[PDB]
Structures are given as structure tokens and as C-alpha cells.
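A.B. asks: no FASTA, just this:
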DNA sequence: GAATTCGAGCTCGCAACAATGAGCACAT
DNA sequence: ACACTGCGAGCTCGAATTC
Ligand SMILES: [Zn+2]
Ligand SMILES: [Zn+2]
Ligand SMILES: [Zn+2]
């Protein structure tokens, strides 16, 4: 049992067994408690995907910076931004800063980079939960195959 | 019935006040309904007060001092349509400015702050959570009207100090939220009645046609008919038992024993508020 | 005499006075007896018919409850040509019953003396093969229902759903989140009258609860429902209105619209379309195994959305393919040309409830619409060629009128400054292009795509910058057009009073108000009074704006005659 | 009665698809 | 020992009117 067994017919194929129910469920809600969206193409109709060839060009790095800027002005109190890796988090944040994009995100929210070592990370996580509780709000930009993605 | 009130109105002046989704200027649609709000506040509450604070670029600047002047507020909100509104607001600097004056009011009143708040971020140089222990000690009642989202401070600032937090659906909901902030929640002052045109008895100073306080000697000058409308709520008239020739219109009271018709019976309790036989 | 606010005419016509103290207890009586013809604000006018009394005795009032309460609300005395008609059309209701049981159709009668009368007609002997019964063929159930009305022994489709013990009673339950308005509670009360479901047609506006009544009727019969629709967009709304108000999982709400196919074999609610169940060509293999499953299961409460397209030639064969006990029909505009709405009284049943379109406006359930038929004069260069030709080329001339181009550009500017959501409905797709590129506005041309149709429509709702949109014959159904505020209708189809009650459906979803641009002294003047003929029978008042509020002062197009001479050479070059 | 105009949905051929990163709980 | 998903063709209807 978990919460996100994504196809249920893969786990009896990898693990050599035969279940008897193999069921799925969905939670009931009094509202729409979640609003998933897939923000695809950019604001000037440019594709946004993180392929391996579509990472160097600044028509996509700007469209990631133009997204986190325009979501940090309409979302209250905390945004978690999972990147795909650590060398892509470095090569985008340090390429938002050389442009005029990371200057305008720090006006709205503080940003707390989740680094690999556990000493700086727990410092940057305790200040993140402090910044979401007082007025300013924060952005914890991290890595999807990381410590914060599974534990916190 | 109600009590005296010393309401402050904190108006947001951030970058996000240039936003759409409202009448031409988000700031302008705020100041439009505030001028409606000052009128209905002073009408139902005769001897109360209004201050108006505007927060802008990490600093709070007092737009109008705390006085019961129902003309000086509206003539200052018309000026502030052409405000710049640059930078990020504050909430420590704006609630402290609304605490250096509102703390020293006498304890028989209902001191209140009302924050109209459009930005999401309060960049302020200290901890907000020590004000909410201070404002709760000074019996202030801070209530926020939020725009476009729900912030965690504005929930814990409201529910700890004692006010309400509310977020706007649209402009028909924004007028409905400001309308609920005119009813007072359930001492002896000394005002000066301003007979003879409009002159002050204490300092004999002649000024404008106003229910305002007197600057030369500090006395408050109210008009006694305006105080008179708040009567008849206390000791109102008891209804009659009803089982031709009338006494009101001349074409049954348990006090004066004079019969009424049906038009007269509804008229006595609705508008006249006295029994026409009992005044004799 | 001053009371009793009716006038029973001797042929049959009931003039009810809507200013009487007993009007509310006489308007809740004539809905259960007669059908409305015209409803202005002062004197309503109902009408007795044969089918309207079969719906009367289907509810608990018998033939002596109607004919006595007409005398007590008469003002004239009943004229003895109605006592002979009410008694004739009420004692011949419950004699011949059409009931199905395990995939066989049966004509049943408790009185054997009418079966010996029924079995000499040579057309009912073609559809063959106490309690006297004989089995009839399923594929000749439409030609049977004409004959039982033809000899005044009409068939009733009263599903007795409380105890049948054959159908797998599913767990559809209406959750306490959707509270229904007091006109929706009156329509369902007339349907589920005696504790048994009844096959009728409920006429509610699309801005009203046209779909909440269909969900609440599905949670009431609690059998295997089947929702139909006119389009593939209309079934993704019916799927959303079942998840919103009925607590059904996604393993039971399926679809049959050739793209999803959410395992349609073995479900409880199937939401399909017309022209998929009646597709008369070689079907695909995924649709063939579903239609072999759907042709052999007795449903309950087929829900036929957009009922006014059922009397077509291909959409009425659906009702013989699918076997249902009771058939509810939900529509908004019951009027339709070619005179086939009276034909619909035996495909489904009697008309149950029509909502008073002015009572829903005075209570706030419907936006107060200010109709205004602004008509524009004709240009003197265009009228030179209008009277010279007769063969369909002049349809472009009264559509691409330059003086009508100014009144469209002025009304767009006048409501963009008030922050109003403008929809310009415009048929004759050549003039859709030449209107929407001279104002630089988006247009759903109709053969655009499925892709940019969905984002132009979404850039209209959640964006305060894009304000107008130029649809063309697409929004003539119950589509997801996102709550417009004005509607500048330009040069639609000929005399379709169904259309201008579906263009009106966008507005009420003054508060909101729609226009109707007419090029005067042409053939469109006669057309635009044929299409208000349905709306003046509901209470709506169409003003006339001969000259707009300062049209000549702004920067309007086609000012000079040199730029007007080029437009006629563009129109006349088509031929 | 037999076209038109413009919409609809259903099949179904057609052309060409893609997939880039980094570390502590558990047995003698 | 090549090839997923969108997307336009035909095909057959409907609504209302010309021809
Ligand atoms: Zn004085
Ligand atoms: Zn008295
Ligand atoms: Zn009297």
C-alpha cells in the first residue's frame, strides 16, 4: 500500500506475484482541494521542456524564471520548486541572476536553496518554515531526487 | 446599545495595487468604497472616530490623524487617487503607528484597526508575533480584509487579537465586507453643543458647518438632533393587543386606552416611535 | 365575480389574470392541467389540449377534481363544450398499458373489452409478436404509439421503480451539498407523482437547473441511467455535473464518444451522444462490442438532452435501439420549425413542466435581459445592387452593410469601456472574417481545430484584456461559453426562433443585455420579427434603437465613400 | 422534391516517434 | 531487421431556406 502507485499493473510484473484485488481509490472532498495544471509552452509560445538539448538556450531558462516570478506574486506563503538535478539548479539560478529575473523574485519571496550537506539544509529549512509563518513567505527550491522530497 | 469606537483604516499601497480584476485601479476601487464606508460609519455611529493610514515602500505614513471629522477623510481620499504606490508594504510599521495613539484612548471604548490588504508579503524589520501579544494586551481588535489570497499572518493576527479575516470574491463581496464593519459591538464624555450657526461656546471660535471637534480648545462639538436619532431604541414602545373612529387619524393602547386602526398601528411602531395618545 | 380569475373559452383557451389574490393557487392548478401559450406580466393565457389532460390524470387528480375546480375558478361558467371534452379525454387514460419485462415488449389491458376492439386495426396487426396481454415487436414501437393516439387509447410509460426486483439497484445517492431551487422541486414533484416515475419533457432554461434536475432524477429512480447529448463537448459537462452533485466514482461514469471509452461494458451511468447510437454506417470495433452490450440491457431513466432534435429522421431511431422504462427529456427551447414538436408527444410523453421565464427573472435565478433590436439603415451604394438581384447574392449585401459595420464597432467600444464580456455571434462565415480582422479580434471560425478553439475560449474568460470573440454557428447548443454579459448578434439563420432562444441562453448564464443588428428595409427585417415571436411569448420586450447614442463622434470605420466603394467590390466579386 | 451552407460526430489513413545525474537505516 | 499521438480527408446527418 502507498499513495502513488502509478500504474497498478507494473508492480505484479516486476515483483513475481499475483494479487487478488489490485485496487485503487480516490479521496472524497468538500471542495476541489487540489488544482493540478500542466504549464506547457512559454509566454511567447516557446516550448518549456527540460530535454538534454533544450537546456542551454536562454529561451527556456527565461521561461522558467518568468514562471517562478509570476507565481510568487499570486501564491501566499510558500512555494516548493523541485528541479531535476543539482547541476541544473546551479546553472539556472546563476543564469537568472545574471539576467534581471532573480532580482524581481527576491522582492516577493525569500529563496532558500536546499544544498547537499545536511548542516546548511536544516538551517535553510528552519528559516523556510519561519518565513512562511511571518509575513514574507519563501521559496524552497530543491531537487526531486533529494532528501527534502521524501522526508519533509 | 453600542459603544464608542476608534477605528483605524490601514490601506495597502504596494506594487500590487496597480492590479486589474477591479474598477480601473485596484487602489482606486479600494478608495472608492472607502469614501462610501466613512459616510455610513459616521451616520450609524455619532461620536466615533476614523484614522486612515497608508503603507508604502516598507514604511507607514499617516494619511489622516485620528479625529471624528466626516469631511476631512473624504477630501483626503480624493487626493490619494494619484499616489505612486511603489515598493513592498509593511505590517509591523503600520500596526505600531496605529498603536502609539490608539493605546492611550480610555478603556470604555472599542479600539479597532481595519487593514485592507492587497499584497502578499509584509517585509518588516522585526518579529510580527510580539505585536500580537502586545495588541492583545492593549485590547485592540485587528481585523483584515484580504485581496486575492489568504496569508498565515492575517489569520493569526485576526483570531488572536479578536478580529476577522476575509478574502474577496468580487466587488459585490467587497462592499458586503465593509458594510459589516459599521455595526458597533455591544463613561461620560464632555462635548460642546454648537448653537448659533456653528460657533464654540468654550473658546467662542467660529468655524465651518461641521459635527467636528474644536481645535482651539480641544472640545468636541456635536449636534443634539444627531444624538437624538439614537434614542427610542432604549425604552421603545410596547405593542398593542388588537381585537372605525380612531384616535391617531380620527377616521388598542394599554397605557392611554385609545384605539387605533391598522394603518395607524403599523405607523406608530415603524416611524413615529411614540404613542400619539401618550404624549398628552 | 370579481374573483375567480379565469375565462374558459368555448373552444379551449384559459385567460388567467396575474394580479388576483388567488392567482398563486390558480397558477399551481393550470400548470397541472393546461399548457402555456403566452405569458405577459398581466394576463397569462393557457390552453387545453388532449395530451395536457393525460398529464393531469397521471397526477393524483381524477376527472372530478379538474371539472369541479374549473367551476370554482370560472368567472363565466364552463361552456359545456369543455365538460364534453374533459370527460372524453380523462376516462380513456388507464386502459391500455405498455410495459416491458426482461427484453420483451407487452401491450397490457386490465379490461378485456378493449382488446377485442384493439385487434381489428390492420396496422396494429403488423406489429404483433383480468390481465390480457400480447407481445409486440420492439422495432415497431414508434408506429404503434401513433395508432394508440389515433384511436384515443394512449399509452402510458409510468415506470413503477419502487419494487421491480429485476434491475441491479445501484448506489447513486444525491449528497447534501446541492440544494435545489423551488421550481426544480416542483418539476420533479410532477414527474414522480404517485411514487412511480413518469416519462415526460421538462423545459427549463440553460442558466437554470437544466442539469441538476437530470442528476436528481437519476438519484431518485436509482437504476441504470443513460445520459445522451448533442455533442462531444456536452458529455464532458454531463460527466462533470455527475461528479459534482452525485458522489460517483470514475469506474462507473463512462463515456462512448470514440475517444475515451472508459470500459463502457458493465457500468451504471453511460454518457453518450446522438449520432453514435444512431450511426448507420459500419462502426469501429470498439463501438461494435459496446453497442452489442447496450442493445440487450433494460435501462431506467434515459436522459435525452436537447430534446428538440429528437424528431429528426436519424435521431428518433435511437428510441427504438435502446430499451428504457421511463424516458426523461430535458430541453430549454422547445420551439422548432417544420411542426414536429407535437410529434414528440408520443416519442417521449406529455410535457410535464415549463418554467415561467419571468418568474425566474423576478426572483434572481436568471439575469434581467434588456433585449434591443437596434436596426441600421442601408448604405445607398449597397441598396443599388440589393434590388437588382434576387438569387441569394443579396444575403451578403444585408450582412456586410457598412452602416451595420459601424453599429457593431460602436457597441463593442461602448461595452469595452464598461468592462463587459462581448460575444459577437455571426453566421455567414465570409463576413465573420471581414468583421473580425478589421477590428483585430479573435474568431472561432468553426473549421479552426479542437486545439485553438479551447484556448481562444479560455483567453476570453480568465483574462481582462481579450474582451470580444466572434463565434459562427458553433454556440447554438449547450456549450461552455463562459458567462457573457452582452451579445451582439449579427445576421444569423433565417427564421430560427430556436436559435435566438439559444443565443439568449448565453446572456442569462440592467444586468446583462443582448442586441440584434438588422439592416433595415431589407429581408432581415421580416426575419428578425419571426425570431422574437418566441421571446415575446415568454415576457421579453424588444426595444428599437434607430439611432445610437452618439455614433458619429468617435473614430468609426468606413467614414469616407472611397473606403466604402472597395467593400462592395469585395462582396460582389464572390458571386 | 432536390439541392445549398455550415455545422456536427465517426472512421481512418498519414506522418513519424525519443530517455541525461549524485550519498546513513538495518544484522554478529 | 521501424516507427506514438494529433489532424485533416470522406461520409452521413440536421436546420432552415432557395430553386
Ligand atoms: Zn472650542
Ligand atoms: Zn398610548
Ligand atoms: Zn387610525
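C.D. replies: Cool, got the structure. Numbers count the residues shown, from 1 in each chain, chains lettered A, B, ... in the order given. Ligands and ions are numbered 1, 2, ... in the order given.
A.B. asks: was I right to think residue A:8 contacts residue A:22?
C.D. replies: Yes - if you go by C-beta atoms under 8 Å, residue A:8 and residue A:22 touch, sitting 5.3 Å apart. (Each C-beta comes from the backbone N, C-alpha and C, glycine too.)
A.B. asks: residue A:109 - how many residues pack around it?
C.D. replies: Neighbour count of residue A:109, defined by other C-beta atoms under 10 Å in any protein chain shown: 25.
A.B. asks: ok, it to chain C distance?
C.D. replies: As judged by C-beta to the nearest C-beta, to the nearest Å, residue A:109 and chain C stand 23 Å apart.
A.B. asks: could you report the distance from residue C:415 to residue C:421?
C.D. replies: Computed as C-beta to C-beta, to the nearest Å, the residue C:415 to residue C:421 distance reads 9 Å.
A.B. asks: overlap in contacts of those two?
C.D. replies: Contact with both residue C:415 and residue C:421 is made by residues C:485-486, according to C-beta atoms under 8 Å, 6 or more residues apart in numbering or on different chains.
A.B. asks: neighbour-wise, which of the two wins?
C.D. replies: Comparing residue C:415 with residue C:421 by other C-beta under 10 Å, the one with more neighbours is residue C:421, at 22 against 19.
A.B. asks: any idea how far the nearest residue to the more buried one once chain neighbours are set aside lies from residue C:512?
C.D. replies: Leaving aside its chain neighbours, residue C:421 sits nearest to residue C:485 (4.5 Å; criterion: C-beta to C-beta, 6 or more residues apart in numbering or on different chains). With distances taken as C-beta to C-beta, residue C:485 is found 5 Å from residue C:512.
A.B. asks: in contact with the residue nearest to residue C:421, which residues?
C.D. replies: Listed by C-beta under 8 Å, 6+ apart, the contact partners of residue C:485 are C:415, C:420-422, C:507, C:512.
A.B. asks: now swap in residue C:135 and tell me
C.D. replies: Contacts for residue C:135 were tallied using C-beta under 8 Å, 6+ apart; they are C:104-107, C:128-129.
A.B. asks: what's the most distant pair in those residues?
C.D. replies: Using C-beta to C-beta, the two most remote members of the contacts of residue C:135 are C:104 and C:128, lying 12.5 Å apart.
A.B. asks: pretty sure residue B:9 is in a helix, no?
C.D. replies: No - counting by DSSP: H, G, I helix; E, B strand; the rest coil, one finds residue B:9 to be strand, located in no helix.
A.B. asks: what about it, how many neighbours?
C.D. replies: 25.
A.B. asks: which element is the spatially closest residue to it that is not a sequence neighbour on?
C.D. replies: In this structure, residue B:9 finds its nearest non-sequential neighbour in residue B:52, 4.8 Å apart by C-beta to C-beta, 6+ apart. Using DSSP states H and E, residue B:52 maps to strand B:49-55.
A.B. asks: who does that strand pair up with?
C.D. replies: The pairing partners recorded for strand B:49-55 under DSSP bridges are strand B:5-12 (parallel), strand B:60-67 (antiparallel).
A.B. asks: buried sites along the first one?
C.D. replies: By neighbour count, and taking 16 or more other C-beta atoms under 10 Å in any protein chain shown as the criterion, the buried residues in strand B:5-12 are B:5-12.
A.B. asks: so what's the residue count around the residue of chain C found nearest chain B?
C.D. replies: Closest to chain B within chain C is residue C:464: 4.7 Å, counting by C-beta to the nearest C-beta. Residue C:464: 11 surrounding residues under other C-beta under 10 Å.
A.B. asks: quick check: residues of chain B near ligand 1?
C.D. replies: Selection of chain B residues close to ligand 1 by C-beta under 5 Å from the ion yields B:200, B:202-203, B:214, B:216-217, B:219.
A.B. asks: show the buried residues in the residues you listed.
C.D. replies: Buried subset of those (neighbour count, 16+ other C-beta under 10 Å): B:200, B:214, B:219.
A.B. asks: ignoring the adjacent residues along the chain, who's closest to the residue nearest to the spatial centre of chain B?
C.D. replies: Closest residue to the average C-alpha location of chain B: residue B:41 at 3.6 Å, with C-alpha atoms, centre = their mean. Once flanking residues are discounted, residue B:41 sits nearest to residue B:182: 5.1 Å by C-beta to C-beta, 6+ apart.
A.B. asks: coming back round to it: just put the residues of chain B next to ligand 1 in TSV and tack on secondary structure.
C.D. replies: Listed next are the residues of chain B next to ligand 1 as TSV, based on three-state DSSP:
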residue	secondary structure
B:200	coil
B:202	coil
B:203	coil
B:214	coil
B:216	coil
B:217	coil
B:219	coil
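A.B. asks: looking at these, which is nearest residue C:460?
C.D. replies: When the residues of chain B next to ligand 1 are compared against residue C:460 (criterion: C-beta to C-beta), the nearest one is residue B:214, at 57.9 Å.
A.B. asks: and the longest strand for chain C?
C.D. replies: strand C:513-519 (DSSP state E).
A.B. asks: ok, is that one in contact with DNA strand E or not?
C.D. replies: No - figure legend: strand C:513-519 not in contact with DNA strand E (C-beta under 7 Å from any atom of the strand); closest approach 13.9 Å.
A.B. asks: so how far is that strand off the chain centroid?
C.D. replies: Put simply, strand C:513-519 sits 22 Å off its chain's centre (C-alpha atoms, centre = their mean, to the nearest Å).
A.B. asks: now the residue in chain A that chain C sits nearest to: how far from residue C:249?
C.D. replies: Nearest residue of chain A to chain C: residue A:26, at 6.9 Å (C-beta to the nearest C-beta). Note on residue A:26: its distance to residue C:249, by C-beta to C-beta, is 7 Å.
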